[PDB]
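Any value given below was found using the heavy atoms of this structure, including those in side chains, with hydrogens, waters and symmetry copies removed. The sequence lines fix the lettering, A, B, ..., with proteins before strands; numbering per chain opens at 1.
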Amino acid sequence: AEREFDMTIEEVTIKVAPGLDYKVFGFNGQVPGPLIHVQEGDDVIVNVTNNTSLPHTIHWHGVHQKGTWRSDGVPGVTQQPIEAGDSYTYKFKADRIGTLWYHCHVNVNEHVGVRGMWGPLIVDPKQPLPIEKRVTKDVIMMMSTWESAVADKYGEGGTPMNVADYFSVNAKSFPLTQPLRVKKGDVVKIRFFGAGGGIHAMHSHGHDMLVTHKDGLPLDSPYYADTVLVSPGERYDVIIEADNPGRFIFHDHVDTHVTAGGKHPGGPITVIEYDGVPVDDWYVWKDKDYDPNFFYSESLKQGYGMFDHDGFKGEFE
Amino acid sequence: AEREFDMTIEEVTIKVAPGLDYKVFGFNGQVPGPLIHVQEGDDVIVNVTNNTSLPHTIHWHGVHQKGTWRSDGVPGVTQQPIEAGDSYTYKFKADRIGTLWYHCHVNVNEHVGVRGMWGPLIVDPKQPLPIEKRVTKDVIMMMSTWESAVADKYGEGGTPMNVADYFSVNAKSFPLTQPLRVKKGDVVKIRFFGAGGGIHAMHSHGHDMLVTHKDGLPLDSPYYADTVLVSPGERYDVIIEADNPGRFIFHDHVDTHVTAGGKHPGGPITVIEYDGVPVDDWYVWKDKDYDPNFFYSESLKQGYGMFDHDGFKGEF
Amino acid sequence: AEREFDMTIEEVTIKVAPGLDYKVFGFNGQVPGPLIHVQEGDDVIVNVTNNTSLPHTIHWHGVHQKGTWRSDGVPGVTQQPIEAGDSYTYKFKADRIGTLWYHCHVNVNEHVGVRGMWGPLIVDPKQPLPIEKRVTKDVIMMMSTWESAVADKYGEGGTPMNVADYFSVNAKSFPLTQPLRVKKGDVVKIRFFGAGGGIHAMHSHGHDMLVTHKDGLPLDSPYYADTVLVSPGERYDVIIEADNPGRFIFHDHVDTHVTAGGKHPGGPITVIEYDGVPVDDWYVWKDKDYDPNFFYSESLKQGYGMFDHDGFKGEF
Ligand SMILES: [Cl-]
Ligand SMILES: [Cu+2]
Ligand SMILES: [Cu+2]
Ligand SMILES: [Cu+2]
Ligand SMILES: [Cu+2]
Ligand SMILES: [Cu+2]
Ligand SMILES: [Cu+2]
Ligand SMILES: [Cu+2]
Ligand SMILES: [Cu+2]
Ligand SMILES: [Cu+2]
Ligand SMILES: [Cu+2]
Ligand SMILES: [Cu+2]
Ligand SMILES: [Cu+2]
């Protein structure tokens, strides 16, 4: 099918952690950017308008651009950048399946490293693995890092000389993340993305993960893990069988990443919360103001298209 | 079987490197903590007494906690912390096989990153791989990193603003590590653990490693490597066929990790020493005061239980 | 067959990036060091002369040194170092196949980390994989990092306290790297090496890579990837089918590594340029002074032995 989307690039501020507000260049004014969910073989058209003060592009990571290399989104290689206030149209066929993503390719150390210019691109295979057909919940986890010294000033950041002192999944640091709520018998697909500049050792308590896909393509030899290392650019898809009711934390195991501004706890932490488990008065997330779409799991059920999410939206000046 | 162990948490000082003594919270007053070795299906009970000034827990990494999530050891999620002076009992069924480990889950960046709050938990499958059948020596290597500026002071460390400037296997930096002594024909299983917050590229000279297990679970497609990357939380099990007599160094290949306080050599370095190879006058470890249990290889032959090691104990 | 050659160690200066000249200890005065290309089973003899002011060795990473451990190149373990002005001969049998490498094993954090003391050692298997027999272009990519503060300062660098601020493939930072020029229907073998102290996430636009070998040994279960993580000491071999004409960048995806002294772009970046794609006036490499051997692809076709490359030579 032909699927055409209109996207903008916006200057907004997001709250990453308690007391860390961050200036970002959010696709449609949000970080992570909108989910794009299409089927293998679709013809995708994305019309991009740059409503920011700086040039950008969009590169479609994992899209082969078969005969469409001029839509690869690389400044000085496949296009000139999209200048401030201008527009540009990308066209490609989604012939590469799986968990893909998209991100700016201008000034990437800063724009991708700390300005939130990235989002997920999910291409459904026409022939999914049998296990993918058992899945009852699909979960996107995009990990990145943040340098508080440059929170308030575009044009700086993302170098070896900066200090990454805050860490997130889907642009929030615990306790501002949200739980992953399941019930016994769920079959959970988790898609990990190395969206920023860090390495993240994602560990699920209470469960092993079956690693089924690397960079969106299915492994001939899937393997179990309780800790999956995710580095910049990579994606891993795993399956968790939710057959062990409890409250089981699920987090980056890199010790300095479970901090926020030098304080603990913080960072890319969630909890696999099973519906049937009674809640204790001392539970950190008792009475959480819950967002069921923090991992895009509701949008992923709503058919093909492009989906914004207000839990990811920042504030305009 | 039901296996019941009593553990304490102690404030002790260990010698990590020449030039670096470090204040740690040692399980049974040692770093690495005691080896816990049990069989698949056993009912484990661990009674923990906190003889320190700060709260702690123990999380059993890789243990599913099937029917027992209140023993997972996560403060504010599965329990309230074990306060100073207090005790607490963990109970779980060891239904998950392989190389597991345990560690504090309070203030983890500091307590696991630099205060030594970790140890190995080995669960033997009731049905081991065929390769495991041939093994003649089992070896534990737990890698971690240290920040000298906070060596003397609990309550600081383990953040991106600190500097990790010493590196170890089993809480020693070369030359205070120990050789891995083998004889021709040994079949050596090595279990690597990313115990601290660093990444470690473990490279064996003279030999390839057959990577057989990830996080304790056997791979359907094992693969050879001469360098195995180990990151925080992970375990890898390998097999080395000791069929090449010599002295072969075995170390983290991350360049800055073979330093100690800015000087080289240091860090996670051992030597695979084969019995019978003549020792040269200039060999760095000629006359080493040898510890045959530095990798827990003697304790791993002693059956199921909880095993302390005097060479890992710290001082009060 | 017996393969004998002579290597020196030289104090030279190379250009890593615009504005950054770097003092190195180059094998045969070049960085990367000379390519050594042999066949499985060859007997290798390397006569080394140290024409520098400091001691060095050469370790042959991946070479088992079966019955020849005294040629492993480890100071204080298998030999005394090669002092300034002295010479030393290595002898070993190349019975381990695939993508190997060699590097100094003295003061490794500095000498390997920032002084360029490394090069590639390719051992052709008697029985290549079927896909290897289809290869039309063989490509070596050795990644490393540089600390500009110690560019002029032998005896310094390579510690946690230093800052790696420049990044390269084959000792150049973009734009001083070279394009990977292909034609439609090429079958490209790329060998990635973690030569320095960094981690590199190598991502090919426009193409998936088939990962076929880890540390030179063929995987029983190869797998596709668009991003391959390469850490110190490791090698990965991949295949790209060049069936998608365009200009497709190919680079380290670690965000801080596509910088040079804090400026962007820089770092380990190339472009897969297909023959016959029209060139826009804004293409960054439209006027490139092209070196077809920047990835050793021409040397790899010229027989068994040791190959220097003038584009990698430094100045005395
Ligand atoms: Cl439930
Ligand atoms: Cu941008
Ligand atoms: Cu990308
Ligand atoms: Cu890409
Ligand atoms: Cu945990
Ligand atoms: Cu603790
Ligand atoms: Cu853990
Ligand atoms: Cu755990
Ligand atoms: Cu070595
Ligand atoms: Cu040297
Ligand atoms: Cu090496
Ligand atoms: Cu080696
Ligand atoms: Cu790119």
Inset, instruction - Looking only at non-hydrogen atoms, find the nearest pair between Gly196(B) and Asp255(A) and report the distance. - result: O-OD1, 3.3 Å
Inset, instruction - Kindly assign one of parallel, tilted or perpendicular to the pair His111(B) and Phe25(B), based on the angle between their ring planes and the thresholds 30° and 60°. - result: tilted
Inset, instruction - Could you tell me which non-hydrogen atom of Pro55(C) sits nearest to which non-hydrogen atom of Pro81(C), and how far apart they are? - result: CB-CB, 3.8 Å
Legend entry - Ring geometry between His59(C) and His61(C) (parallel below 30°, tilted from 30 to 60°, perpendicular above 60°): tilted
Legend entry - Heavy-atom pair with the smallest gap, counting every atom of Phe312(B) and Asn293(B): CZ-O, 4.0 Å
Inset, instruction - Can you measure from NZ (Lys286(B)) to CG (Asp280(B)) and round to the nearest 0.5 angstrom? - result: 9.5 Å
Inset, instruction - Could you please spell out the steps behind the side-chain contact (heavy atoms from CB on, under 4.5 Å) verdict for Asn28(B) and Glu10(B)? - result: CA-CA 6 Å; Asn28(B) 292 0; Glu10(B) 308 290 340; over 6 Å; no
Inset, instruction - For the pair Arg247(B) (side chain) and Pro278(B) (backbone), establish whether a donor and an acceptor sit closer than 3.5 Å, ignoring hydrogens and angles. - result: yes
Inset, instruction - For side-chain contact (heavy atoms from CB on, under 4.5 Å), just list the numbers for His105(C) and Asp72(C), CA-CA rounded to whole Å, side-chain angles, deciding distance to a tenth of an Å, and then say yes or no. - result: CA-CA 9 Å; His105(C) 222 288; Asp72(C) 196 46; over 6 Å; no
Inset, instruction - Check the side chains of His205(B) and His251(B) for a donor-acceptor pair under 3.5 angstrom, ignoring hydrogens and angles. - result: yes
Legend entry - Side chains of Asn109(C) and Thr259(B), donor plus acceptor under 3.5 Å: no
Inset, instruction - Indicate yes or no: at least one non-hydrogen side-chain atom of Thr256(C) is less than 4.5 angstrom from one of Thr159(A). - result: no
Inset, instruction - Return the minimal non-hydrogen interatomic distance between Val106(C) and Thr57(C), and the atom names on each side. - result: CG2-N, 3.6 Å
Inset, instruction - With salt bridge (charged side-chain N to carboxylate O under 4.0 Å, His left out) as the test, would you mind laying out the steps for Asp275(B) and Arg181(B) before giving the verdict? - result: CA-CA 7 Å; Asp275(B) 287 343; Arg181(B) 292 192 176 169; over 6 Å; no
Legend entry - Modelled atom types, side-chain donor and acceptor of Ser71(C) and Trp60(C), under 3.5 Å: no
Inset, instruction - Please list, chain by chain and in numerical order, all residues satisfying ring pair (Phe, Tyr, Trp, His ring centres under 6.0 Å) with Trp118(B), sequence neighbours excluded. - result: none
Inset, instruction - Start with the C-alpha distance between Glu315(B) and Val12(B), add both sets of side-chain angles, then the distance that settles side-chain contact (heavy atoms from CB on, under 4.5 Å), and finish with yes or no. - result: CA-CA 5 Å; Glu315(B) 292 306 341; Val12(B) 298; 5.9 Å; no
Legend entry - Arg115(B) with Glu110(B): basic N within carboxylate O range, under 4.0 Å: yes
Inset, instruction - Could you tell me the separation between the CD1 atom of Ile199(C) and the CD1 atom of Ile199(A), rounded to the nearest 0.5 Å? - result: 4.0 Å
Legend entry - Step-by-step side-chain contact (heavy atoms from CB on, under 4.5 Å) determination, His264(A) to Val108(B): CA-CA 8 Å; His264(A) 166 96; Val108(B) 307; 3.5 Å; yes
Legend entry - Separation of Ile58(C) CD1 from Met117(C) CE (nearest 0.5 Å): 7.0 Å
Inset, instruction - Give the minimum heavy-atom separation between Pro232(B) and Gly198(B), together with the two atoms involved. - result: CD-O, 3.3 Å
Legend entry - N-O pairing of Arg235(C) and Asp226(B) below 4.0 Å: yes
Inset, instruction - Could you tell me whether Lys15(B) and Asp21(B) make a salt bridge, using a distance below 4.0 angstrom between a side-chain N and a carboxylate O? - result: no
Legend entry - Side-chain touch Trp69(C)/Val277(B), heavy atoms, less than 4.5 angstrom: yes
Legend entry - Nearest heavy-atom neighbours spanning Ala201(B) and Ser231(C): CB-OG, 4.1 Å
Legend entry - side chain to side chain contact (heavy atoms under 4.5 Å, CB included) against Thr145(B), all qualifying residues, sequence neighbours excluded: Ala164(B), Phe167(B), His200(B)
Inset, instruction - Check step by step if ring-ring contact (aromatic ring centres under 6.0 Å, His included) holds for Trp101(C) and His203(B). - result: CA-CA 13 Å; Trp101(C) 63 305; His203(B) 167 55; 8.6 Å; no
Legend entry - Neighbour count >12 (heavy atoms, 6.0 Å) for atom NZ, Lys153(C): no
Inset, instruction - Could you grab the distance from atom NZ of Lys172(B) to atom OG1 of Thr177(B), nearest 0.5 Å is fine? - result: 10.0 Å
Inset, instruction - Could you check if a side-chain atom of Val48(C) sits within less than 4.5 angstrom of a side-chain atom of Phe27(C), using non-hydrogen atoms only? - result: no
Inset, instruction - Hey, could you give me the CG/NE2 distance between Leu121(B) and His103(B), rounded to the nearest 0.5 Å? - result: 11.0 Å
Inset, instruction - Determine, using ring centers only, whether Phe307(B) and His37(B) are less than 6.0 Å apart. - result: no
Legend entry - Check: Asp252(B) side chain, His257(B) main-chain N or O, donor-acceptor pair, under 3.5 Å: no
Inset, instruction - Output yes when a side-chain donor or acceptor of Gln178(B) lies under 3.5 Å from a complementary backbone atom of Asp291(B), and no otherwise. - result: yes
Inset, instruction - Tell me yes or no: between the side chains of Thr8(B) and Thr49(B), is some donor less than 3.5 Å from an acceptor? - result: no
Inset, instruction - Look only at the side chain of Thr13(C) and the backbone of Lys23(C), and say whether a donor-acceptor pair between them is shorter than 3.5 Å. - result: no
Legend entry - Aromatic centroids of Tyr22(B) and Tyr166(B) separated by under 6.0 Å: no
Inset, instruction - May I ask you to test the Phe174(B)-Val284(B) pair for a side-chain heavy-atom distance under 4.5 Å? - result: yes
Inset, instruction - Would you kindly say whether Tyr290(B) and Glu273(B) are connected by a side-chain donor-acceptor distance under 3.5 Å? - result: no
Inset, instruction - Scan for side chain to side chain donor-acceptor pair (under 3.5 Å) pairs involving residues 74-85 of chain C, sequence neighbours excluded, and state none if there are none. - result: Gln79(C)-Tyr90(C)
Legend entry - Approximate separation, where rounding is to 0.5 Å, of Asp165(A) CG and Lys263(A) NZ: 8.5 Å
Inset, instruction - Evaluate the side-chain proximity of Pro265(B) to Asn107(C): yes if any heavy-atom separation is below 4.5 Å, no if none is. - result: no
Legend entry - Residue pair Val230(B) / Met141(B), side-chain heavy-atom distance below 4.5 Å: no
Legend entry - Beyond-backbone contact of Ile240(B) with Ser204(B), side-chain heavy atoms, under 4.5 angstrom: yes
Inset, instruction - Mark yes or no for whether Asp186(B), through its side chain, and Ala242(B), through its backbone, hold a donor-acceptor pair below 3.5 Å. - result: no
Legend entry - Check: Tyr236(B) and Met202(B) side chains under 4.5 Å, non-hydrogen atoms: no
Legend entry - Side-chain donor/acceptor of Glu11(C) to backbone N/O of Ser53(C), under 3.5 Å: yes
